[PDB]
Amino acid sequence: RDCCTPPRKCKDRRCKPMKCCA
(Lines give C-alpha, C1' and ligand atoms only; values in the text may rest on other atoms or scores of the structure.)
Protein backbone atom coordinates (compact mmCIF):
# COMPACT_ATOMS: atom_id res chain seq x y z
CA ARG A 1 0.00 0.00 0.00
CA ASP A 2 1.17 3.55 -0.83
CA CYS A 3 4.15 3.05 -3.16
CA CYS A 4 3.32 3.88 -6.78
CA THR A 5 1.83 7.20 -5.64
CA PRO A 6 4.20 9.74 -7.31
CA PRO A 7 7.09 9.73 -6.76
CA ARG A 8 7.28 5.90 -6.74
CA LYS A 9 8.60 3.99 -3.69
CA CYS A 10 8.66 0.24 -4.53
CA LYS A 11 10.50 -0.32 -1.21
CA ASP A 12 7.95 -2.71 0.32
CA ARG A 13 8.03 -6.38 -0.75
CA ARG A 14 4.42 -6.39 -2.00
CA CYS A 15 5.24 -3.15 -3.90
CA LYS A 16 8.02 -4.70 -6.06
CA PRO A 17 5.86 -7.07 -8.25
CA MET A 18 3.48 -4.11 -8.71
CA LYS A 19 3.29 -3.31 -12.44
CA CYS A 20 4.15 0.38 -11.81
CA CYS A 21 7.66 -0.63 -10.64
CA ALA A 22 7.91 -3.82 -12.69
# chains A, B, ... in the order shown; residues from 1 in each chain; ligands from 1
>>> residues_around(residues="residue 1 (chain A)", least_positions_apart="2", cutoff="12 Å", atoms="only C-alpha atoms", output="ChimeraX atom specification")
/A:3-5,8-16,18
>>> write_last_selection(atoms="N, CA, C and O atoms", output="short mmCIF file (atom, residue, chain, number, x, y, z; two decimals), in the first residue's frame")
data_model
loop_
_atom_site.label_atom_id
_atom_site.label_comp_id
_atom_site.auth_asym_id
_atom_site.auth_seq_id
_atom_site.Cartn_x
_atom_site.Cartn_y
_atom_site.Cartn_z
N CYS A 3 2.79 3.26 -2.57
CA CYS A 3 4.15 3.05 -3.16
C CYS A 3 4.26 3.65 -4.56
O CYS A 3 5.20 4.36 -4.84
N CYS A 4 3.30 3.35 -5.39
CA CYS A 4 3.32 3.88 -6.78
C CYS A 4 2.85 5.33 -6.83
O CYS A 4 2.98 5.99 -7.85
N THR A 5 2.32 5.79 -5.72
CA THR A 5 1.83 7.20 -5.64
C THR A 5 3.06 8.12 -5.87
O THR A 5 4.03 8.00 -5.15
N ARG A 8 7.31 7.35 -7.11
CA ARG A 8 7.28 5.90 -6.74
C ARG A 8 8.16 5.59 -5.51
O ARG A 8 9.04 6.35 -5.15
N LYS A 9 7.87 4.47 -4.91
CA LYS A 9 8.60 3.99 -3.69
C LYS A 9 9.18 2.60 -3.97
O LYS A 9 10.39 2.42 -3.95
N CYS A 10 8.29 1.67 -4.23
CA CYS A 10 8.66 0.24 -4.53
C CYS A 10 9.63 -0.37 -3.49
O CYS A 10 10.34 -1.31 -3.79
N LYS A 11 9.61 0.18 -2.31
CA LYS A 11 10.50 -0.32 -1.21
C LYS A 11 9.93 -1.58 -0.55
O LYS A 11 10.66 -2.51 -0.28
N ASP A 12 8.64 -1.56 -0.32
CA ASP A 12 7.95 -2.71 0.32
C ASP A 12 8.00 -3.95 -0.60
O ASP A 12 8.04 -3.82 -1.81
N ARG A 13 7.99 -5.10 0.02
CA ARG A 13 8.03 -6.38 -0.75
C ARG A 13 6.85 -6.44 -1.72
O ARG A 13 7.03 -6.55 -2.91
N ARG A 14 5.66 -6.35 -1.17
CA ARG A 14 4.42 -6.39 -2.00
C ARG A 14 4.36 -5.29 -3.08
O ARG A 14 3.59 -5.38 -4.01
N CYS A 15 5.19 -4.28 -2.93
CA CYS A 15 5.24 -3.15 -3.90
C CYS A 15 6.26 -3.34 -5.04
O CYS A 15 6.35 -2.50 -5.92
N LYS A 16 7.00 -4.42 -5.00
CA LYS A 16 8.02 -4.70 -6.06
C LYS A 16 7.38 -5.37 -7.30
O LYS A 16 7.66 -4.96 -8.41
N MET A 18 4.48 -5.11 -8.19
CA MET A 18 3.48 -4.11 -8.71
C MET A 18 3.93 -3.62 -10.09
O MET A 18 5.03 -3.15 -10.25
#
